[PDB]
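Undergrad: as a preliminary step, the opening chains of the complex are given here in situ:
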Amino acid sequence: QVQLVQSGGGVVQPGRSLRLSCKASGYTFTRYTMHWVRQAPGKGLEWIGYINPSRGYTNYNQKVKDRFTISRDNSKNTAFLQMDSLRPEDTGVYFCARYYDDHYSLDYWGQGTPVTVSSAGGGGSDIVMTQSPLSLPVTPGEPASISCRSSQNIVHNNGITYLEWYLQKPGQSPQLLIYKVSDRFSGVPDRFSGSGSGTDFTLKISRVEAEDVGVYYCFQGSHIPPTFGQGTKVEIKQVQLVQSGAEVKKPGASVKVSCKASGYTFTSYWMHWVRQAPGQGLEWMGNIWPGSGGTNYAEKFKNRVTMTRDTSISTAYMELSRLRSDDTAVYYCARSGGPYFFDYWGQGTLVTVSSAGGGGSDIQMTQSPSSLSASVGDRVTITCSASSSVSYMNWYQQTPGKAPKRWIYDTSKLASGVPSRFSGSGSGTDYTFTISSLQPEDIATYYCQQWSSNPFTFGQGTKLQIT
Amino acid sequence: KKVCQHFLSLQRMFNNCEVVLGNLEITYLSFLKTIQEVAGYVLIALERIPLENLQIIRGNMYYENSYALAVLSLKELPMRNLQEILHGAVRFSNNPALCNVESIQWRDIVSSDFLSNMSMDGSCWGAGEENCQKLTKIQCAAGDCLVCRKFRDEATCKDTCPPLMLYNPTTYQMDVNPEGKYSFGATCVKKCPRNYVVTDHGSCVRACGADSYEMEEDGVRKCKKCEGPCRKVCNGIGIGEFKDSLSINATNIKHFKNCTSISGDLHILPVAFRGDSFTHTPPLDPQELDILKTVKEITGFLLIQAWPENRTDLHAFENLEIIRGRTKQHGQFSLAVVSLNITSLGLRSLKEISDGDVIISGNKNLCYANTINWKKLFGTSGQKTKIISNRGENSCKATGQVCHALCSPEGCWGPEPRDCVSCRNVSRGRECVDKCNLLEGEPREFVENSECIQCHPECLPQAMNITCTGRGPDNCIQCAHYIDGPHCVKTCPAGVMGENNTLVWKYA
C-alpha cells in the first residue's frame, strides 16, 4: 500500500523555522512528483508546490517561496519542507501528496501534519499589553484616563517598572510621554499623567487639547522582547535621526531601510528599530549597538531580518529580506535612551509589499454551494467555476480530520473504490460534481482542483451533510 | 584518624571521623562510634545515638553562646566518655526522651563554666547501668594524658606545639626551629599533613582565602596575607557571564568589586554612566565606580570613553598596572581614553601597555598628557601613541598646567607630585618630594634606587649623618631602644623558646 507520512510539525513561535519530513512508501519515490498542500483551519487546500525527486526540480507558490524550502532525499524516500520565518498565518495542517502525471491528479495523500505558529515567543516575551479603552474619543478639556493591563507583572529584576505610554501624533513619529511608571519626559507637559502597579497601569490626561490627539501605544520593557500594546487612538467626541525614502518591492524581495544619525555620538547609543504594521500595533524587531555591530533580533523576524551599521557615515541600515505581503509597514528607526526606551525616533520609511495576487492570472476555483444539506438518497449537485479555462478538473473528498482523497480525475474518471453514484461533468471553466444518491457515509468536504497551470488551485470546498 | 567539619552525606562524611576539628552537628543511624576528641562543639539535635567515644568538646564554636552540648526533643545516647567539655558551657536543655541522664549530674562534665550552664528536660551516666560517670576531678581531662588540655602531638599533653620558628641566639636572630611542628588540630605535625596549608597562627587549615592569600614558599602551601587586594580573577565585559554585555553596567558593576585581574576587557562607555534601557540596567552612580579601584591588570583593552565630570581624573582606575592587550579595541587601540572632561590623565600606575597602540584623544581638558614618554610604557614595537586634540600645548604651558619640577623629564600624568612617570629627585612612595629625609626629616628614610625607604621605626633618627643605611633594624645606625646583640630590637628576649622552649634571659 502506497503511504505518504508527514512529520516534523509542532507548535513554534512566530518567526521561527520548521523542518518537515514526508516519507514515501509503497512506490518508487523518484517516479512521482512529491507535492505539499497546506490546509489552514477553516480554509481550503492551498497548494504550496512540488518537488521532483528524480530531477530535484522544485516549484512553489509565490507567497512562501522566500520562506519555504522543499527538498528530497531519494535514499530515504522522504520529502522535506524547510520553512523559514514561520508566521501565525502558516498555522495549519500540511499534507504530502504523490502526483500522478498520467492521471493528472495527486493520487496518494498523506495523513498530514498540523502546524500551529503560536507560542507567545516563550510566553512572557509576548506581554500582551491590553489597553482598556480602544479608540476612545474625548472632548477637549476633560479628565481622560486610558488604562492598560500587562499579561505578566511589569516588574523587572532591577525593580524599575520599565513601563511607558508613548503618544503618536497623526502622521508623525511616536514620542515618549511617561519615561517611567508615572514620570514625564522633558518637554512632555504636566497635562498628561499616569499611574499603575503590578499588571495594572493607566494613563490619564486631566486636560485634553488638540495636541493630545493621537494614538497612545504603551511599551513594556520588563520582558526581554519589548512589546507595544494594541493601542487606543484617542479621538475627539539637536539630534535628529533621518530615515531613508519610501520604497515598494514585490513579494520575497529585500528592503534596506536606512537611518542617518546626527547630533549625538553614533557609537554611544543603541539603535532599536521598531516596525508598525498597518492595521496593527508597533513591535520591536532588533537593535544594533552602533560601535560593536552586535544585533539582537526579535522572534517575529528572527530568520528574515538583518541590521547593519556604517559608523563611518553615522548611519545604520536594516535590510529585511524575503519581503512578505503582511510585512508591509513603516520601519521607524528609534534610539533607545538611557532610562527610557525609544526616546527620539526618526521619520521612518514606509515599505509596502504585495504582488499581483493572480486575481486574473492564477486560475481561481469557485465552488457552489459552499455548504449543502440534503437527505439520504437525494441527488446532490456541486458546481465548480474556474477563472480561466481548465482542460480537466480533479475532485477530492476530505473527511473531517482525514486527508483529502481524490474522487474524480480527468474531470470524469472515478478513482478506485469510488461508488458509481458520484460523477463529474463539465469542461473548461464550468465543471459539475454530482452525487445521484446521497448516503450517510457521503458526509464530507468536496473540493475541485485545477491543474492546467501552477500553483494548483483548489475550490473553497463544499460541506455536504445529511439532515 | 579521619576528620570532618544531607543525612546520608553527614553519615558518610562523619562515620570514620576519629576526631572532628569542626563541630559535632548530630541533628535529626549509629553512624558514629569512635569520635574520640572534638576541638569544638556538639550540635545534638536527635533516640539511640551511641556517642560512646565522645570525650572532650573544646567549644571553639557555639550554637548561640557557649552552647557546646546543645540537646533538644534520647535515652540510648550513652556519651559516657564525655567527662570534660572544655572552653564551653553545657546547654543540656530540652531532654524530653532522655532517660537516666537526670540522675547523673551535668556539672562535672564542664569546667569553670557553670555560669551559663542551663540544663533541663554515685549515679549512672548513660543508658544501662554498665556506664558510669567515672569522676576523676571531684593535663588530662578524659580521665601522658589520654586527651590533652590544649595539644597532644603523639602522647604528651601540651599547651602549645613546638613552634615552627625558634630564636637563635647563636645567630643573634629569631630563627626557625629545626624540630618545628605545625599544630594540626590538637597534634603537632612535622609536615603540614592532609593537604593542609600552613596558616598565620601555624594551625594549618585547608582554606585560608579570607584576608590572606595562598602561596608556596616551600614544599607545603602557605597562607600569606593579602597584599592590598589579593588576586581574584574575574572575567570582564566580553568574556564570561557578561560576555554579551555592552559596558560595565550598574547591574554588572558590583560583581567587579575586589576583582583584581579583569580577564576580559573593561570598556566603560557612554551607555553605562548614562544608564541603559533595552539592556534593563539603571544608571550607574558615579560613586560606585570606585569599586573598580582594586583593578591591578586588565588582560584586554580599556576604552574608557566617558567618566564622571565631577571627578577631574580617571581616579577610579588609578591602580591599573598592566593593560596587556590580549584583545584590542578596534585592533589597534588598547588604552583609548577618548573625548572626556578629565583634567589630568591620572592613571598613575599604568606601566605596561603591552599590545595595542595608545590613543588619548579629544580630552579637551587633559593637559599633562603629551609630555609622557610613551615608548617605555608601550611594550610591543607596533605600538605608536596617538596623543591628539587635547588642550593646547602652548595653552598648557601659559596656563601653568605643567608638570611640577619635582619630576623627571619623562613626562607626568598629573600636576600633583604623585602623578609623575619619573622623579627629578628621589621618590618617597607614590609621590616624589624634592629630597629624601637623609639628614632632615621625620620618617628619617634612606634613598635606595632613587626611592625613599623609611627607616626601622625601632631606630632613632641621627642628626649628624644619615639615619639608617638600609631597610631592616640591623641596618639602622641609631637605636634609642635596646639593641639585641648585633641587631637593634624593640625589647630584649625573655619569654623565648630555646632547646626545650627555654625562656632565654639573653642579656640584661
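TA: Thanks, I have the structure now. Residues are numbered from 1 along each chain as shown, chains lettered A, B, ... in the order given.
Undergrad: who's in contact with the residue of the stretch 251-400 of chain A found nearest chain B?
TA: Ranked by Cβ to the nearest Cβ, the top residue of the stretch 251-400 of chain A for proximity to chain B is residue A:268, at 3.8 Å. From N, CA and C alone the C-beta is placed, and that goes for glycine too. The contact partners of residue A:268, by Cβ atoms under 8 Å, 6 or more residues apart in numbering or on different chains, come to A:290-291, B:269-271, B:274, B:305-306.
Undergrad: in helices, which of these fall?
TA: Members of the contacts of residue A:268 lying in helices (criterion: DSSP state H): B:270-271, B:274.
Undergrad: most neighbours out of the residues you listed, which is it?
TA: residue B:271 (28 neighbours; other Cβ atoms under 10 Å in any protein chain shown).
Undergrad: that one against residue A:270, yeah?
TA: Yes - checked against Cβ atoms under 8 Å, the pair residue B:271 and residue A:270 is within contact range at 7.2 Å.
Undergrad: overlap in contacts of the two?
TA: With Cβ under 8 Å, 6+ apart, residue B:271 and residue A:270 have common neighbours B:246, B:279.
Undergrad: quick one: secondary structure of residue A:65?
TA: coil (DSSP: H, G, I helix; E, B strand; the rest coil).
Undergrad: how many residues are close by it?
TA: 17.
Undergrad: that's a helix at residue A:103, yeah?
TA: No - checked against three-state DSSP, residue A:103 lies outside a helix; its state is coil.
Undergrad: for the residue of the stretch 101-250 of chain B found nearest chain A, list the residues it contacts.
TA: The minimum distance from the stretch 101-250 of chain B to chain A, using Cβ to the nearest Cβ, falls at residue B:246 (5.5 Å). Residues counted as contacts of residue B:246 (Cβ under 8 Å, 6+ apart) are A:270, A:289, A:292, A:294, B:237, B:269, B:271, B:276, B:279.
Undergrad: kindly report the same for residue A:456.
TA: A:35, A:37, A:47, A:106, A:449-450.
Undergrad: next one: phi and psi at the residue nearest to residue B:270 when sequence neighbours are not counted?
TA: Spatial nearest neighbour of residue B:270, chain neighbours left out: residue A:268 (3.8 Å); criterion: Cβ to Cβ, 6 or more residues apart in numbering or on different chains. Torsion angles at residue A:268 (phi, psi; degrees, to the nearest 10) stand at phi -140, psi 10.
Undergrad: residue A:325 too?
TA: Taking degrees, to the nearest 10, you get phi -60, psi -40 for the backbone angles of residue A:325.
Undergrad: what is the neighbour count of the closest residue to it other than its chain neighbours?
TA: Nearest non-adjacent residue to residue A:325, counting by Cβ to Cβ, 6+ apart: residue A:354, 5.2 Å away. Using other Cβ under 10 Å, residue A:354 has 14 neighbouring residues.
Undergrad: how about the residues of the stretch 151-300 of chain A by chain B?
TA: By Cβ under 8 Å from any Cβ of the partner chain, the residues of the stretch 151-300 of chain A that approach chain B are A:156-158, A:160, A:162, A:221-222, A:226, A:265, A:268-270, A:272, A:287, A:289, A:291-292, A:294, A:296.
Undergrad: go again with 6 Å.
TA: The stretch 151-300 of chain A comes close to chain B at residues A:156, A:158, A:160, A:268, A:270, A:272, A:287, A:289, as judged by Cβ under 6 Å from any Cβ of the partner chain.
Undergrad: let's have the residues you listed in JSON lines, adding secondary structure.
TA: Formatted as JSON lines, those follow (three-state DSSP):
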{"residue": "A:156", "secondary structure": "coil"}
{"residue": "A:158", "secondary structure": "coil"}
{"residue": "A:160", "secondary structure": "coil"}
{"residue": "A:268", "secondary structure": "helix"}
{"residue": "A:270", "secondary structure": "coil"}
{"residue": "A:272", "secondary structure": "coil"}
{"residue": "A:287", "secondary structure": "strand"}
{"residue": "A:289", "secondary structure": "coil"}
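Undergrad: sequence for chain C below, add it please:
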Amino acid sequence: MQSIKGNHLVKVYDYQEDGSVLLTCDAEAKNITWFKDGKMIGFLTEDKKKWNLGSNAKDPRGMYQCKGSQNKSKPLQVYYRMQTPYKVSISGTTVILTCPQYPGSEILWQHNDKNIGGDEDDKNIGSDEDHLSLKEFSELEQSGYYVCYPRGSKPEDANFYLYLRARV
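TA: To build on what is shown above, here is chain C added in:
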C-alpha cells in the same frame, strides 16, 4: 503528436517523395481554410485538402492552423532549418528547445509522443528548467513533433506542438 486530440488537427504529411512540406488538416472535409501566423493563406473548397508550404529546403516556419465547418484548430509550430511559440536554438550540432509557457513548474517534454529529458542517463539529452538541449542532433531520428507541459497537465492540453526538422 500522432493524435489530433486537443484541437491539434494540423499535422505534417511526412509522405512526400520530394523535399516538400505537406500539411494535413484533421477536420470534416467541406471546405478547408488554412491560416499562417493568424492570417489566412488559402481556402480549399473540397477537392484537395493538403496545404503545400513549398520545398523543405526553404526552411518553412510559422504557426499554421486549419478550420473546416467548426472553429479553427490549435496551432502547429513549424521549425524547418536545412501566442509565444517554442524557441529553437541551434549551435553546431546542439539544438535547444524552450517551452513557450514556463510558469515555474516542473515542465515535462515529449518527442514523438515519447517523454524525453527526464532521465539523467543520457549525456546528449539535458533538461534545464524550461530549456531542452539536444547535442549531436540527428536529423532523421530527433526530428518531429515536440511539446512541453508542466507536470500535472496533459500534453494534449498544450497550446501548440512544435514540429522540428533540422539538418545539423
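Undergrad: please look at the neighbour count of residue A:354 again, because chain C has been put in.
TA: There are 14 residues near residue A:354, going by other Cβ under 10 Å.
Undergrad: before we move on, what about residue B:94?
TA: Other residues close to residue B:94 by other Cβ under 10 Å number 16.
Undergrad: pretty sure it is touching residue B:72, no?
TA: Yes - with contact defined as Cβ atoms under 6 Å, residue B:94 and residue B:72 form a contacting pair (4.2 Å).
Undergrad: for chain C, what spans make up the helices?
TA: C:139-142.
Undergrad: so what are the domain limits for it?
TA: C:1-82, C:83-168 (CATH domains of a matching chain).
Undergrad: to residue A:464, which of those domains lies closest?
TA: Across those, residue A:464 has its closest neighbour in domain C:83-168 (26.3 Å, Cβ to Cβ).
Undergrad: contact partners for residue A:58?
TA: Contacts for residue A:58 (Cβ atoms under 6 Å, 6 or more residues apart in numbering or on different chains) come out as A:51, A:70.
Undergrad: tell me the bridge partners for it.
TA: In this entry, residue A:58 is beta-bridged to residue A:51, by DSSP bridges.
Undergrad: so who does the residue of chain C found nearest chain B touch?
TA: Proximity to chain B, evaluated over chain C using Cβ to the nearest Cβ, is greatest for residue C:104 at 42.4 Å. Taking Cβ under 6 Å, 6+ apart, we find residue C:104 in contact with residue A:59.
Undergrad: again, only this time at 10 Å
TA: A:49, A:57-62, A:65, A:453-455, C:129-130, C:150 (Cβ atoms under 10 Å, 6 or more residues apart in numbering or on different chains).
Undergrad: ditto for residue A:227
TA: A:121, A:124-129, A:150-151, A:218-221, A:281-284, A:298.
Undergrad: what separation do you get for the closest residue to residue B:152 other than its chain neighbours and residue B:143?
TA: Of all residues not flanking residue B:152 in the chain, residue B:186 sits nearest, at 5.6 Å (Cβ to Cβ, 6+ apart). Note on residue B:186: its distance to residue B:143, by Cβ to Cβ, to the nearest Å, is 16 Å.
Undergrad: mind checking which of those two has more residues around it?
TA: Set residue B:186 next to residue B:143 and count neighbours by other Cβ under 10 Å: residue B:186 wins out with 23 against 14.
Undergrad: that one is in contact with residue B:147, isn't it?
TA: Yes - taking contacts as Cβ atoms under 10 Å, residue B:186 lies within contact range of residue B:147: 8.3 Å.
Undergrad: what touches both of these two?
TA: B:19, B:37-38, B:56, B:157.
Undergrad: what secondary structure does residue A:30 sit in?
TA: With three-state DSSP as the criterion, residue A:30 reads helix.
Undergrad: spatially, what comes nearest to the residue sitting furthest away from the middle of chain A if we skip its sequence neighbours?
TA: In terms of distance from the mean C-alpha position of chain A, residue A:377 ranks first, at 43.0 Å (Cα atoms, centre = their mean). Once flanking residues are discounted, residue A:377 sits nearest to residue A:437: 5.2 Å by Cβ to Cβ, 6+ apart.
Undergrad: tell me the phi and psi of the one you found?
TA: Taking degrees, to the nearest 10, you get phi -140, psi 100 for the backbone angles of residue A:437.
Undergrad: now residue B:406
TA: Backbone phi and psi, for residue B:406 under degrees, to the nearest 10, turn out to be phi -80, psi 60.
Undergrad: next one: residue B:85
TA: phi -90, psi 120.
Undergrad: so it sits right up against residue B:112, yeah?
TA: No - assessed by Cβ under 10 Å, residue B:85 is found out of contact with residue B:112, at 11.1 Å.
Undergrad: which of those two has more neighbours?
TA: Neighbours were counted for residue B:85 and for residue B:112 using other Cβ under 10 Å; residue B:85 has more, 27 against 8.
Undergrad: could you give the bridge partners of that one?
TA: Counting by DSSP bridges, the residues bridging with residue B:85 are residue B:57, residue B:110.
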